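Below you'll find the structure, written out as structure tokens, and then a few comments.
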Amino acid sequence: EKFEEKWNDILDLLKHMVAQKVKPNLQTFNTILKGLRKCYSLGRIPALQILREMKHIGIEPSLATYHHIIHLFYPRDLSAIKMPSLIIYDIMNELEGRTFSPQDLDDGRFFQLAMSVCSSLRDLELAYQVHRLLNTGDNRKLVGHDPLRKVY
Amino acid sequence: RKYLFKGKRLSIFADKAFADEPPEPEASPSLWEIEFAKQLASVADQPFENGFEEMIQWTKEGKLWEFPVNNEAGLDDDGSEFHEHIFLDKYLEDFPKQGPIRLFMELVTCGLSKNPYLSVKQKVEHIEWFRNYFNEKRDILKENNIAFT
Amino acid sequence: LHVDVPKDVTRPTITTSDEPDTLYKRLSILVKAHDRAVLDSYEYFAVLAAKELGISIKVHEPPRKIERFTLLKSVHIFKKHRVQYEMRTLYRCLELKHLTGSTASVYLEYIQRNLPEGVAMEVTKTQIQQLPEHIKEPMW
Amino acid sequence: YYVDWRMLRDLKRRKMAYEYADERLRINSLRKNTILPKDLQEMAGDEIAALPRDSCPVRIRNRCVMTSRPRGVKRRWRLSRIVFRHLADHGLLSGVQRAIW
Amino acid sequence: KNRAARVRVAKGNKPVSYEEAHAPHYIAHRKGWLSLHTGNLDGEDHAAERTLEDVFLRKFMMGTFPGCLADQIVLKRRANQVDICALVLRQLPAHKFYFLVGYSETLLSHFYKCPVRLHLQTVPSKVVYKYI
Ligand SMILES: [Mg+2]
């Protein structure tokens, strides 16, 4: 019923992960962000905090981890199109030239979602950066499956 | 403004001064871990784009020969050595140290040393067969003044 | 592709070991085929490939072999009437020189993988090594 | 089904000679020499006779693999002259041509 | 008279293909070899095994593509790979060929324990070299 209680509960599980000397993995953070996509409005500050903690711990964000932050900051059913967020621009600079490998079950989803955000913003320069990232190394393998390859 | 890596963090966890302390294979791969890996492979599973990528996959699966061609690929004869195939007189200790049986077995082990189609185990089996054969024929040999074992 | 080009193509990992490399004084590649023209194209492909990697190559044509045998033409009787068949083998020898073991593996793989159908190779590597350490010094 | 009952009998001769190859080698070695007493050699002469007749490898005949023809076979292809000609005259054998010279 | 592999003259109404028109003595002169392996080269082994595998592969493709083969198949062995190149008439629907390719390749790779690929060139109808 209460998100604040719900969020404090999920955090309690994380606190018991340190009491028992159990270190988190990529899937742990990916799971938390995927859950946050329900509360688009209130999950923005929590979601960014997780990614900063991911780097400090030493877990490297994968394509799936950004796929969740994009959904949370660029809702498809977004009425407030007047002033969209600029985070997509920063992510592409961060991932510029990097090569990615399968490390989660939502890696394929990232590219299809990034192109959609480009069409919504009517920015063709960003679409070239996204496509250029797909061409570096063997990133082409994470475009998506039959349903998502034709959408991208 | 919305800096991806500048700002407050959860801080529930601490910097990993110790990293990956427990080994990845804490136990033999469970069904849960074995199945998640198969799903990770499907995430990056795309179809072949040319004959090179198809041959690469065949090579990883052993379907296609490795190059340059090695006519003895995967053909190791029990990790033996040349001296094992060539020097076979150690196995003739049970036999008489001299006499006709020694003269005969010398010819047998000489041929076995020149045999490239038998392994050391198969060569020893030929030697053992004669040891048991002459033992059964102890009585006929004794009449001929030959003492075996 | 006109506008869409890969950016940073992935290249295989080649790690230099600490083991010393083999030294091949000679490496004879005797290819065999029923067709001369196929050998000419493979000779051109192999000589061009050797020259592009820095390998020294020479080529000659060993004498061809023709094997002929006779058979009986009729299914039954009629001994005197026969039919003869032949198989022709043609050779092209690519004599390479002064190759390290890394250069001979990559070259042989590249040309062995592109060996046309109906063509058989017979590589004859000639390695050169020092004397055994025991033999170097006479010991009684 | 094999081509005929003659090809089947030969197949069994080939599979029983493989089973008894080592045995007939070891025993026959005791006889093909002049170093062992003739009493032992005479006795090995009887053990080899006691093995089943189909173990003897001289009862194998090379027959066309496709028609089971006893004579006229070419050992490199294991085909009779008649069957080999059908494949050769059609371009189905790699490198076989007619001999004109 | 020689009757071997000769499509005899009719009255000008029999359509023979290029392969059918040429008698055996034109092998290596006007028409090449349908199978290309290294097993009949000098000092090479396994001629008997390559020849038997070809006979089967020809009967298998006829039955698997009944009435859909415009000409004899061409077999190409490179390393352990086998390649079957067949001219096929455009009788069957397109998707049926995708099924028969997947089936015939998988079945023949598990029967001879080698990688087998099928290459199909579709023709509108049989190509006639001459009317004999
Ligand atoms: Mg005989």
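Letters for chains follow the order of the structure tokens (A, B, ...), residue numbers begin at 1 for each chain, and ligand numbers begin at 1 in the order shown.
For ligand 1, the protein and nucleic acid residues at most 10 Å away, judged by only C-alpha atoms and all ligand atoms, amount to residues 57, 58, 59, 60, 61, 62 and 70 of chain D.
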Residues of chain B within 8 Å of chain D, counting only C-alpha atoms, as a CSV table (one decimal) with C-alpha atoms, in the first residue's frame:
```
chain,number,residue,atom,x,y,z
B,100,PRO,CA,64.6,-71.5,-25.8
B,101,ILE,CA,61.7,-69.6,-24.2
B,103,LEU,CA,65.1,-66.8,-27.3
B,104,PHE,CA,61.5,-67.0,-28.6
B,126,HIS,CA,50.5,-60.2,-26.1
B,129,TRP,CA,49.2,-64.4,-23.1
B,130,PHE,CA,52.5,-66.3,-23.6
B,140,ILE,CA,55.5,-80.8,-21.8
B,141,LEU,CA,58.3,-78.3,-21.3
B,144,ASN,CA,62.2,-81.2,-23.1
```
Task: Expected answer as a ChimeraX atom specification: chain E residues within 9 Å of chain B, only C-alpha atoms - done: /E:79-81,113-115
Task: Distance of CA of residue 151 (chain A) from CA of residue 8 (chain C), expressed in Å to one decimal place - done: 24.8 Å
Residues of chain B within 8 Å of chain A, counting only C-alpha atoms - could you list those as a short mmCIF file (atom, residue, chain, number, x, y, z; two decimals) with N, CA, C and O atoms, in the first residue's frame?
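Result file selection_2.cif:
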```cif
data_model
loop_
_atom_site.label_atom_id
_atom_site.label_comp_id
_atom_site.auth_asym_id
_atom_site.auth_seq_id
_atom_site.Cartn_x
_atom_site.Cartn_y
_atom_site.Cartn_z
N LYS B 2 21.59 16.54 -14.09
CA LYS B 2 21.33 15.12 -13.86
C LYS B 2 22.58 14.31 -14.23
O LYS B 2 22.59 13.49 -15.14
N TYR B 3 23.65 14.57 -13.48
CA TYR B 3 24.90 13.86 -13.69
C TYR B 3 24.74 12.40 -13.28
O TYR B 3 24.27 12.11 -12.18
N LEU B 4 25.13 11.49 -14.17
CA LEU B 4 24.91 10.07 -13.92
C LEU B 4 25.73 9.55 -12.75
O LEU B 4 25.27 8.69 -12.00
N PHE B 5 26.96 10.06 -12.58
CA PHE B 5 27.87 9.56 -11.55
C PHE B 5 28.32 10.66 -10.59
O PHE B 5 29.35 10.51 -9.94
N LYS B 6 27.57 11.75 -10.49
CA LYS B 6 27.84 12.81 -9.54
C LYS B 6 26.60 13.04 -8.69
O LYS B 6 25.55 13.42 -9.21
N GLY B 7 26.73 12.80 -7.39
CA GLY B 7 25.62 13.01 -6.48
C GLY B 7 25.63 11.98 -5.37
O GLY B 7 26.52 11.14 -5.27
N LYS B 8 24.60 12.07 -4.53
CA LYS B 8 24.44 11.14 -3.42
C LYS B 8 24.12 9.74 -3.92
O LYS B 8 23.48 9.56 -4.96
N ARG B 9 24.57 8.75 -3.17
CA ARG B 9 24.29 7.34 -3.44
C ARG B 9 23.60 6.72 -2.23
O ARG B 9 23.54 7.31 -1.15
N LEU B 10 23.07 5.51 -2.43
CA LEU B 10 22.37 4.82 -1.35
C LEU B 10 23.25 4.70 -0.11
O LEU B 10 22.80 4.97 1.01
N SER B 11 24.49 4.26 -0.29
CA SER B 11 25.49 4.12 0.76
C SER B 11 25.17 2.97 1.71
O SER B 11 25.82 2.85 2.76
N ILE B 12 24.21 2.11 1.37
CA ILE B 12 23.95 0.93 2.19
C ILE B 12 25.16 0.01 2.16
O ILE B 12 25.53 -0.59 3.18
N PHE B 13 25.80 -0.12 1.01
CA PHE B 13 26.98 -0.94 0.84
C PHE B 13 28.24 -0.08 0.95
O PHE B 13 28.19 1.15 0.88
N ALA B 14 29.37 -0.75 1.13
CA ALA B 14 30.66 -0.09 1.27
C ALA B 14 31.59 -0.54 0.15
O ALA B 14 31.37 -1.58 -0.48
N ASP B 15 32.63 0.25 -0.09
CA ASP B 15 33.57 -0.07 -1.14
C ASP B 15 34.15 -1.46 -0.91
O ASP B 15 34.49 -1.84 0.21
N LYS B 16 34.25 -2.24 -1.99
CA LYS B 16 34.66 -3.64 -1.90
C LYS B 16 36.18 -3.71 -1.86
O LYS B 16 36.86 -3.99 -2.85
N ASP B 20 35.09 -10.66 -4.47
CA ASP B 20 34.92 -12.04 -4.92
C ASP B 20 35.62 -13.02 -3.97
O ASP B 20 36.31 -13.95 -4.39
N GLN B 39 20.39 -19.07 -20.79
CA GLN B 39 19.56 -17.93 -21.17
C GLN B 39 20.42 -16.72 -21.52
O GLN B 39 20.05 -15.94 -22.41
N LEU B 40 21.55 -16.54 -20.84
CA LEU B 40 22.46 -15.46 -21.21
C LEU B 40 22.97 -15.64 -22.63
O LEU B 40 23.12 -14.66 -23.37
N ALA B 41 23.25 -16.88 -23.03
CA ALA B 41 23.71 -17.13 -24.39
C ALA B 41 22.65 -16.74 -25.41
O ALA B 41 22.97 -16.20 -26.47
N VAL B 43 20.59 -14.40 -25.16
CA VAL B 43 20.44 -12.95 -25.23
C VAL B 43 21.26 -12.39 -26.39
O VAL B 43 20.81 -11.48 -27.10
N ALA B 44 22.46 -12.92 -26.60
CA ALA B 44 23.33 -12.50 -27.68
C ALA B 44 23.28 -13.45 -28.86
O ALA B 44 24.14 -13.38 -29.75
N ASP B 45 22.30 -14.35 -28.90
CA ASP B 45 22.21 -15.35 -29.95
C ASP B 45 21.58 -14.71 -31.18
O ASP B 45 20.38 -14.42 -31.21
N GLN B 46 22.40 -14.48 -32.20
CA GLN B 46 21.96 -13.98 -33.49
C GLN B 46 22.37 -14.96 -34.58
O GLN B 46 23.31 -15.74 -34.41
#
```
- [ ] Report the distance between CA of residue 90 (chain C) and CA of residue 100 (chain D) in Å, rounded to one decimal place.
- [x] 17.4 Å
Which residues of chain C sit at most 9 Å from chain D, using only C-alpha atoms? Give each one's shortest atom pair and distance in Å (one decimal place), in chain and ascending residue order, as a tab-separated table.
```
residue	atom	partner	partner_atom	distance
C:33	CA	D:95	CA	8.7
C:34	CA	D:95	CA	6.0
C:35	CA	D:95	CA	8.7
C:68	CA	D:99	CA	6.8
C:69	CA	D:99	CA	8.5
C:71	CA	D:81	CA	6.4
C:72	CA	D:81	CA	7.0
C:73	CA	D:82	CA	8.2
C:74	CA	D:82	CA	8.2
C:75	CA	D:82	CA	6.5
C:83	CA	D:98	CA	8.0
C:84	CA	D:99	CA	5.3
C:85	CA	D:98	CA	4.4
C:86	CA	D:99	CA	5.0
C:87	CA	D:96	CA	5.2
C:88	CA	D:95	CA	7.1
C:89	CA	D:95	CA	8.7
C:118	CA	D:94	CA	7.7
```
Create the file for the chosen residues now, containing N, CA and C atoms and written as an mmCIF file, in the first residue's frame.
```cif
data_model
loop_
_atom_site.group_PDB
_atom_site.id
_atom_site.type_symbol
_atom_site.label_atom_id
_atom_site.label_comp_id
_atom_site.auth_asym_id
_atom_site.auth_seq_id
_atom_site.Cartn_x
_atom_site.Cartn_y
_atom_site.Cartn_z
ATOM 1 N N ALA C 33 46.107 -32.529 -58.004
ATOM 2 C CA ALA C 33 44.768 -32.338 -58.539
ATOM 3 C C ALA C 33 44.673 -32.986 -59.911
ATOM 4 N N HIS C 34 43.442 -33.283 -60.328
ATOM 5 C CA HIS C 34 43.206 -33.790 -61.676
ATOM 6 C C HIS C 34 43.211 -32.689 -62.729
ATOM 7 N N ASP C 35 43.084 -31.427 -62.322
ATOM 8 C CA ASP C 35 42.901 -30.301 -63.231
ATOM 9 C C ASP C 35 44.079 -29.347 -63.104
ATOM 10 N N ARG C 68 46.568 -45.927 -65.844
ATOM 11 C CA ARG C 68 45.613 -46.521 -66.769
ATOM 12 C C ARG C 68 45.388 -47.986 -66.428
ATOM 13 N N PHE C 69 44.130 -48.416 -66.496
ATOM 14 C CA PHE C 69 43.768 -49.810 -66.282
ATOM 15 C C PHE C 69 42.699 -50.205 -67.290
ATOM 16 N N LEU C 71 39.393 -52.770 -68.452
ATOM 17 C CA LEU C 71 38.232 -53.503 -67.976
ATOM 18 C C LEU C 71 37.577 -54.214 -69.151
ATOM 19 N N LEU C 72 36.659 -55.118 -68.834
ATOM 20 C CA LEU C 72 35.939 -55.876 -69.846
ATOM 21 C C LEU C 72 34.678 -55.114 -70.229
ATOM 22 N N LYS C 73 34.474 -54.922 -71.534
ATOM 23 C CA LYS C 73 33.378 -54.070 -71.983
ATOM 24 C C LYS C 73 32.028 -54.753 -71.811
ATOM 25 N N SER C 74 31.924 -56.016 -72.206
ATOM 26 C CA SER C 74 30.649 -56.710 -72.139
ATOM 27 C C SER C 74 30.384 -57.216 -70.724
ATOM 28 N N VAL C 75 29.097 -57.370 -70.402
ATOM 29 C CA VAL C 75 28.724 -57.988 -69.132
ATOM 30 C C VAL C 75 29.021 -59.480 -69.154
ATOM 31 N N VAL C 83 37.405 -51.880 -72.351
ATOM 32 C CA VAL C 83 37.315 -50.440 -72.173
ATOM 33 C C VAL C 83 38.408 -50.034 -71.199
ATOM 34 N N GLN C 84 39.097 -48.941 -71.505
ATOM 35 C CA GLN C 84 40.206 -48.469 -70.693
ATOM 36 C C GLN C 84 39.859 -47.135 -70.050
ATOM 37 N N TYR C 85 40.342 -46.955 -68.826
ATOM 38 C CA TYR C 85 40.082 -45.768 -68.031
ATOM 39 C C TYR C 85 41.403 -45.264 -67.478
ATOM 40 N N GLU C 86 41.461 -43.969 -67.183
ATOM 41 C CA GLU C 86 42.680 -43.377 -66.661
ATOM 42 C C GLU C 86 42.343 -42.328 -65.616
ATOM 43 N N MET C 87 43.285 -42.117 -64.703
ATOM 44 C CA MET C 87 43.232 -41.026 -63.743
ATOM 45 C C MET C 87 44.520 -40.236 -63.875
ATOM 46 N N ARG C 88 44.400 -38.919 -63.984
ATOM 47 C CA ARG C 88 45.545 -38.037 -64.148
ATOM 48 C C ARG C 88 45.756 -37.253 -62.864
ATOM 49 N N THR C 89 46.991 -37.243 -62.378
ATOM 50 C CA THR C 89 47.365 -36.463 -61.209
ATOM 51 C C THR C 89 48.379 -35.413 -61.631
ATOM 52 N N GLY C 118 38.782 -31.398 -54.636
ATOM 53 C CA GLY C 118 39.565 -32.232 -55.520
ATOM 54 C C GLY C 118 41.058 -32.003 -55.459
#
```
I'd like the neighbourhood of residue 34 (chain A) as a JSON list (two decimals) with N, CA and C atoms, in the first residue's frame, where a residue qualifies if any of its atoms comes within 12 Å (using only C-alpha atoms), though same-chain residues fewer than 2 positions away should be ignored.
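Contents of out_17.json, as written:
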```json
[["chain", "number", "residue", "atom", "x", "y", "z"],
["A", 27, "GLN", "N", 22.84, -8.81, -11.26],
["A", 27, "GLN", "CA", 21.42, -9.13, -11.28],
["A", 27, "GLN", "C", 20.69, -8.50, -10.11],
["A", 28, "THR", "N", 21.35, -8.39, -8.96],
["A", 28, "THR", "CA", 20.71, -7.80, -7.79],
["A", 28, "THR", "C", 20.26, -6.37, -8.08],
["A", 29, "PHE", "N", 21.16, -5.56, -8.64],
["A", 29, "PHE", "CA", 20.81, -4.18, -8.95],
["A", 29, "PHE", "C", 19.84, -4.10, -10.12],
["A", 30, "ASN", "N", 20.04, -4.95, -11.14],
["A", 30, "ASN", "CA", 19.13, -4.96, -12.28],
["A", 30, "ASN", "C", 17.71, -5.28, -11.84],
["A", 31, "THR", "N", 17.56, -6.19, -10.87],
["A", 31, "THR", "CA", 16.23, -6.54, -10.38],
["A", 31, "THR", "C", 15.57, -5.36, -9.69],
["A", 32, "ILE", "N", 16.34, -4.60, -8.90],
["A", 32, "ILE", "CA", 15.77, -3.48, -8.17],
["A", 32, "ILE", "C", 15.29, -2.40, -9.13],
["A", 36, "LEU", "N", 11.49, -0.70, -10.08],
["A", 36, "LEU", "CA", 11.21, 0.72, -9.95],
["A", 36, "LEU", "C", 10.47, 1.29, -11.15],
["A", 37, "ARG", "N", 10.41, 0.57, -12.27],
["A", 37, "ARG", "CA", 9.75, 1.11, -13.46],
["A", 37, "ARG", "C", 8.25, 1.30, -13.24],
["A", 38, "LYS", "N", 7.68, 0.71, -12.19],
["A", 38, "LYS", "CA", 6.27, 0.95, -11.89],
["A", 38, "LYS", "C", 6.05, 2.38, -11.43],
["A", 39, "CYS", "N", 6.90, 2.87, -10.53],
["A", 39, "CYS", "CA", 6.78, 4.22, -9.98],
["A", 39, "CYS", "C", 7.72, 5.15, -10.74],
["A", 40, "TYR", "N", 7.28, 5.56, -11.93],
["A", 40, "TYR", "CA", 8.09, 6.44, -12.76],
["A", 40, "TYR", "C", 8.40, 7.75, -12.03],
["A", 43, "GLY", "N", 10.57, 7.04, -8.59],
["A", 43, "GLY", "CA", 11.73, 6.18, -8.69],
["A", 43, "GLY", "C", 12.94, 6.82, -9.35],
["A", 47, "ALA", "N", 16.61, 5.57, -8.43],
["A", 47, "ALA", "CA", 17.25, 4.83, -9.51],
["A", 47, "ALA", "C", 18.66, 5.33, -9.78],
["A", 50, "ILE", "N", 21.21, 4.12, -7.20],
["A", 50, "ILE", "CA", 21.64, 2.73, -7.36],
["A", 50, "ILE", "C", 22.83, 2.65, -8.31],
["A", 64, "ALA", "N", 21.57, -3.77, -19.90],
["A", 64, "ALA", "CA", 20.29, -3.95, -19.24],
["A", 64, "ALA", "C", 20.07, -2.88, -18.17],
["A", 65, "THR", "N", 21.14, -2.50, -17.46],
["A", 65, "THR", "CA", 21.00, -1.54, -16.38],
["A", 65, "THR", "C", 20.55, -0.18, -16.90],
["A", 66, "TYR", "N", 21.02, 0.21, -18.08],
["A", 66, "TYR", "CA", 20.58, 1.47, -18.68],
["A", 66, "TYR", "C", 19.19, 1.34, -19.28],
["A", 67, "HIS", "N", 18.86, 0.17, -19.82],
["A", 67, "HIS", "CA", 17.52, -0.05, -20.35],
["A", 67, "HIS", "C", 16.46, 0.26, -19.31],
["A", 68, "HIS", "N", 16.75, 0.03, -18.03],
["A", 68, "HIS", "CA", 15.76, 0.27, -16.99],
["A", 68, "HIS", "C", 15.70, 1.75, -16.62],
["A", 69, "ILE", "N", 16.85, 2.43, -16.59],
["A", 69, "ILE", "CA", 16.86, 3.85, -16.26],
["A", 69, "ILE", "C", 16.16, 4.66, -17.34],
["A", 70, "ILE", "N", 16.31, 4.25, -18.60],
["A", 70, "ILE", "CA", 15.64, 4.96, -19.69],
["A", 70, "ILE", "C", 14.13, 4.85, -19.55],
["A", 71, "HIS", "N", 13.63, 3.62, -19.35],
["A", 71, "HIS", "CA", 12.20, 3.44, -19.14],
["A", 71, "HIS", "C", 11.70, 4.31, -18.00],
["A", 72, "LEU", "N", 12.49, 4.43, -16.94],
["A", 72, "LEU", "CA", 12.05, 5.16, -15.76],
["A", 72, "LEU", "C", 12.08, 6.67, -15.95],
["A", 105, "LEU", "N", 19.63, -10.61, -18.82],
["A", 105, "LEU", "CA", 18.56, -11.07, -19.69],
["A", 105, "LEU", "C", 17.80, -9.93, -20.36],
["A", 106, "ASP", "N", 18.17, -8.68, -20.09],
["A", 106, "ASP", "CA", 17.55, -7.52, -20.71],
["A", 106, "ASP", "C", 18.53, -6.70, -21.54]]
```
Open item on the list: I need the strand (DSSP E or B) residues of region 57-87 of chain C per DSSP on the backbone, written as number ranges by chain.
Closed with: C: 57-60, 65-72, 82-87
Write out the residues from the selection above, keeping N, CA, C and O atoms, as a JSON list (two decimals), in the first residue's frame.
```json
[["chain", "number", "residue", "atom", "x", "y", "z"],
["C", 57, "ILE", "N", 59.10, -17.63, -51.71],
["C", 57, "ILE", "CA", 58.44, -18.75, -52.36],
["C", 57, "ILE", "C", 59.05, -19.01, -53.73],
["C", 57, "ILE", "O", 59.49, -18.09, -54.42],
["C", 58, "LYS", "N", 59.07, -20.29, -54.11],
["C", 58, "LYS", "CA", 59.44, -20.72, -55.44],
["C", 58, "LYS", "C", 58.47, -21.81, -55.86],
["C", 58, "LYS", "O", 57.91, -22.51, -55.01],
["C", 59, "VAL", "N", 58.27, -21.95, -57.16],
["C", 59, "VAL", "CA", 57.28, -22.88, -57.69],
["C", 59, "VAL", "C", 57.88, -23.66, -58.85],
["C", 59, "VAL", "O", 58.60, -23.11, -59.68],
["C", 60, "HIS", "N", 57.57, -24.96, -58.89],
["C", 60, "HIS", "CA", 57.91, -25.81, -60.02],
["C", 60, "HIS", "C", 56.81, -26.85, -60.17],
["C", 60, "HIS", "O", 56.01, -27.07, -59.26],
["C", 65, "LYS", "N", 51.43, -37.67, -63.33],
["C", 65, "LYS", "CA", 51.27, -39.12, -63.33],
["C", 65, "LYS", "C", 49.91, -39.48, -63.90],
["C", 65, "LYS", "O", 48.90, -38.86, -63.55],
["C", 66, "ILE", "N", 49.89, -40.47, -64.78],
["C", 66, "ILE", "CA", 48.66, -41.00, -65.36],
["C", 66, "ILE", "C", 48.63, -42.50, -65.10],
["C", 66, "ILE", "O", 49.55, -43.22, -65.50],
["C", 67, "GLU", "N", 47.57, -42.97, -64.44],
["C", 67, "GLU", "CA", 47.38, -44.39, -64.15],
["C", 67, "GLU", "C", 46.26, -44.92, -65.03],
["C", 67, "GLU", "O", 45.13, -44.43, -64.96],
["C", 68, "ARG", "N", 46.57, -45.93, -65.84],
["C", 68, "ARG", "CA", 45.61, -46.52, -66.77],
["C", 68, "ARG", "C", 45.39, -47.99, -66.43],
["C", 68, "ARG", "O", 46.33, -48.71, -66.11],
["C", 69, "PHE", "N", 44.13, -48.42, -66.50],
["C", 69, "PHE", "CA", 43.77, -49.81, -66.28],
["C", 69, "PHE", "C", 42.70, -50.21, -67.29],
["C", 69, "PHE", "O", 41.97, -49.36, -67.80],
["C", 70, "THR", "N", 42.62, -51.50, -67.57],
["C", 70, "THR", "CA", 41.70, -52.05, -68.55],
["C", 70, "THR", "C", 40.59, -52.82, -67.86],
["C", 70, "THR", "O", 40.80, -53.45, -66.82],
["C", 71, "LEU", "N", 39.39, -52.77, -68.45],
["C", 71, "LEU", "CA", 38.23, -53.50, -67.98],
["C", 71, "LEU", "C", 37.58, -54.21, -69.15],
["C", 71, "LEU", "O", 37.89, -53.96, -70.32],
["C", 72, "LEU", "N", 36.66, -55.12, -68.83],
["C", 72, "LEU", "CA", 35.94, -55.88, -69.85],
["C", 72, "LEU", "C", 34.68, -55.11, -70.23],
["C", 72, "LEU", "O", 33.91, -54.70, -69.36],
["C", 82, "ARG", "N", 37.43, -54.52, -74.83],
["C", 82, "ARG", "CA", 37.74, -53.95, -73.53],
["C", 82, "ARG", "C", 37.43, -52.46, -73.54],
["C", 82, "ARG", "O", 37.22, -51.86, -74.59],
["C", 83, "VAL", "N", 37.41, -51.88, -72.35],
["C", 83, "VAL", "CA", 37.31, -50.44, -72.17],
["C", 83, "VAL", "C", 38.41, -50.03, -71.20],
["C", 83, "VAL", "O", 38.63, -50.71, -70.19],
["C", 84, "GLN", "N", 39.10, -48.94, -71.50],
["C", 84, "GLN", "CA", 40.21, -48.47, -70.69],
["C", 84, "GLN", "C", 39.86, -47.13, -70.05],
["C", 84, "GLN", "O", 39.18, -46.30, -70.64],
["C", 85, "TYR", "N", 40.34, -46.96, -68.83],
["C", 85, "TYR", "CA", 40.08, -45.77, -68.03],
["C", 85, "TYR", "C", 41.40, -45.26, -67.48],
["C", 85, "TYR", "O", 42.36, -46.03, -67.33],
["C", 86, "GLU", "N", 41.46, -43.97, -67.18],
["C", 86, "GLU", "CA", 42.68, -43.38, -66.66],
["C", 86, "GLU", "C", 42.34, -42.33, -65.62],
["C", 86, "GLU", "O", 41.26, -41.73, -65.63],
["C", 87, "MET", "N", 43.28, -42.12, -64.70],
["C", 87, "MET", "CA", 43.23, -41.03, -63.74],
["C", 87, "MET", "C", 44.52, -40.24, -63.87],
["C", 87, "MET", "O", 45.61, -40.82, -63.89]]
```
TODO: Could you please select, counting only C-alpha atoms, the residues of chain A within 7 Å of chain C and state them as a VMD selection string?
DONE: chain A and resid 132 135 to 138
Next, the residues of the selection above should be written as a PDB file, in the first residue's frame with C-alpha atoms.
```pdb
ATOM      1  CA  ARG A 132      27.252   3.924 -34.049  1.00  0.00           C
ATOM      2  CA  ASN A 135      28.468  -1.023 -34.805  1.00  0.00           C
ATOM      3  CA  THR A 136      31.415  -0.931 -32.386  1.00  0.00           C
ATOM      4  CA  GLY A 137      32.910  -4.372 -31.906  1.00  0.00           C
ATOM      5  CA  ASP A 138      30.200  -7.040 -31.877  1.00  0.00           C
TER       6      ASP A 138
END
```
